[PDB]
Amino acid sequence: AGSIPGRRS
Amino acid sequence: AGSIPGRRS
Amino acid sequence: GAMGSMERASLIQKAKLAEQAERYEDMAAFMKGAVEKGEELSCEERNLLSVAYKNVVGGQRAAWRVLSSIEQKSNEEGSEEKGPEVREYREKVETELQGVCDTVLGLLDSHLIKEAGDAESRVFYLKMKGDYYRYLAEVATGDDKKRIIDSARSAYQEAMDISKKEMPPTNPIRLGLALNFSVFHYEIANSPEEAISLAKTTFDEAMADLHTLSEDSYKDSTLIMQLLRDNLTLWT
Amino acid sequence: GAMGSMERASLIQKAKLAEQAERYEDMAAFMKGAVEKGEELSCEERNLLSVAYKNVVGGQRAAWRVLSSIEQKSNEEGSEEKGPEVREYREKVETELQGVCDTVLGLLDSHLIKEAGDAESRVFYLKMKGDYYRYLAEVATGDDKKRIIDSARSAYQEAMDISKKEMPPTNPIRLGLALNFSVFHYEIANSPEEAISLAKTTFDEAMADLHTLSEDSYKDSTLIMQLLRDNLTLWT
Ligand SMILES: [Cl-]
Ligand SMILES: [Cl-]
């Protein structure tokens with residue numbers, strides 16, 4: 001189950 | 001040009 | 001902070017360089033220094049702060065899961081005592097993860113959230129607060145795990161209330177908040193029905209608002225809508 | 001060292017756990033602590049030491065190349081002065097890389113190499129010495145770049161002399177040494193003909209010795225032979 005990846009701006 | 005990767009034992 | 005002698009603009013510039021070099025611990029330290037200058041953060045600067053710490057804690061969470069899995073195998077029937085090393089090392093990573101989460105929560109509390117008045121900034125910071133309490137909850141076991149879960153829920157809930165009042169249903173911040181709150185419900189709060197209902201209602205209300213968007217905004221919103229759909233596919 | 005209070009066996013166990021968790025900075029610190037116990041290292045322990053620091057310096061080299069590329073673009077005709085930030089940050093990463101290389105070289109010098117009598121251990125450490133001087137040479141520009149290159153060449157050369165006397169041409173340590181020495185010739189020493197000749201002679205002499213090997217040894221040797229072939233394909 002994925003949260004916002006948000007590791008690249 | 002590649003050296004020995006050697007990043008996994 | 002070691003960053004007190006560096007210009008705010010230089011800290012931001014170096015955070016961007018660290019992202020390009022995939023040096024996320026540096027990036028987080030630069031953005032921490034920028035926050036401690038005391039000025040509010042722009043939309044771009046908020047993203048830099050979030051990307052930096054998400055990568056740092058992301059590596060710690062991944063390592064904690066590897067070590068926790070090894071530790072649980074070692075404590076099974078027919079297992080061979082390997083010594084305290086696996087537990088000790090899992091504890092070390094866990095303590096380091098909790099320190100990073102506490103640092104982020106400290107920045108939000110001193111004083112990003114109280115100075116955030118616009119919906120875009122306030123929802124962003126409150127979503128962050130819920131996220132980093134959620135990461136604390138993932139490793140919590142003691143007297144305070146219930147209080148940590150409630151702290152995550154309370155931050156997410158305030159953020160949700162603001163976003164429903166102040167943002168359209170396709171707003172990417174609103175969509176990503178609902179996505180992560182739904183993951184909180186499923187993975188942390190043992191409320192999979194709440195998770196599925198939130199993801200479904202969020203997706204459907206965004207779908208009905210897509211006709212208002214430009215081509216670029218449409219791409220931004222449908223990307224996150226797909227993440228909601230991916231979770232619903234996994235959960236049902 | 002912070003590892004002085006931990007058992008040698010526990011340091012080794014934690015280094016293996018750190019590798020599984022992809023925590024290579026931890027792994028390097030654990031293996032540094034193990035070396036400083038003063039006992040010689042086993043074949044497996046030498047590999048752990050090498051894997052740990054190769055990953056640490058590998059991330060630093062990758063970041064240094066990203067930053068060096070940005071810095072060189074900023075110093076072109078028609079470029080806009082961005083301030084000292086890119087140079088300052090490249091220097092920071094460069095200094096951190098040099099510190100890691102110095103730490104490894106210090107471990108080899110105090111006292112891994114002088115206590116290494118068997119060909120397998122001595123060639124391994126001398127190859128490491130050549131490698132980490134090579135990494136120093138990649139970023140060197142000042143009064144000592146020639147001396148750094150000569151230090152790399154001297155370590156590689158001693159290792160080559162021993163391996164040709166004491167190991168079969170298919171020995172994986174001997175093959176990997178020749179591979180990296182050939183990369184040294186091509187990338188550092190401006191001797192591409194020496195690089196091609198070494199890779200070709202190494203490959204051909206290994207090919208003629210493969211008939212002596214078991215299925216498992218054959219797989220180990222042909223894997224590195226392919227790396228030699230890949231370089232020859234790129235260089236010719
Ligand atoms: Cl530990
Ligand atoms: Cl810097």
Side-chain angles (χ1 to χ4, degrees), chain B residues 1-7 9, chain D residues 15-16 18-20 22 24 27 31 43-59 61-62 124 127-128 130-131 134-135 138 156 172-173 175-188 192 195-196 199 223-224 226-236:
Chain B
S3 61
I4 276 276
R7 276 165 97 145
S9 66
Chain D
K16 293 174 188 175
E19 180 176 21
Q20 288 175 264
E22 285 175 38
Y24 293 108
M27 191 188 182
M31 289 311 297
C43 176
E44 184 180 5
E45 293 162 357
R46 294 194 295 275
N47 288 327
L48 293 169
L49 177 73
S50 176
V51 165
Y53 277 106
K54 176 80 161 64
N55 275 281
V56 168
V57 79
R61 292 162 75 211
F124 188 96
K127 177 188 163 178
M128 272 186 87
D131 285 343
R134 173 158 60 85
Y135 305 149
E138 285 180 339
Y156 282 137
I173 304 178
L175 293 174
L177 166 61
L179 176 73
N180 285 12
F181 197 17
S182 72
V183 165
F184 168 82
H185 286 309
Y186 194 95
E187 287 185 2
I188 305 299
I196 293 160
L223 186 143
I224 306 170
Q226 183 62 48
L227 300 180
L228 287 159
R229 177 57 56 190
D230 291 344
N231 286 350
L232 288 165
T233 295
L234 186 67
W235 296 340
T236 65

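Throughout, protein chains are lettered first and strands after them, A, B, ... in sequence-line order, and every chain is numbered starting at 1. Quick note: numbers below take in every heavy atom, side chains included, and nothing from hydrogens, waters or symmetry partners.
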Check: In terms of heavy-atom pairs under 4.5 Å with chain B, which of D:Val183, D:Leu234, D:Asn231 leads?
Finding: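 With the most close heavy-atom pairs to chain B, the winner is D:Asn231.
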Checklist line | Proximity breakdown for D:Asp230 and chain B, heavy-atom pairs closer than 4.5 Å | finding: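 Neither part.
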Check: Atom CD of D:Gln20 and atom OG of B:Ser9: how far apart are they, to the nearest 0.5 Å?
Finding: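 OG of B:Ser9 is found 9.0 Å from CD of D:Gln20.
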Note to self: I want to check something: taking the side chain as every heavy atom from C-beta on, are D:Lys54 and B:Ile4 in contact at a cut-off of under 4.5 Å?
What the structure shows: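 The answer is no; the side chains never approach within 4.5 Å.
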Checklist line | Sub-4.5 Å side-chain heavy-atom contact between B:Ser3 and D:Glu187 | finding: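 Answer no - side chains too far apart.
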Item checked: Shortest non-hydrogen separation from D:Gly59 to B:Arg7 and the atoms involved ->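 Nearest pair, atom of D:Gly59 first, then B:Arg7: N-NH2, 3.8 Å.
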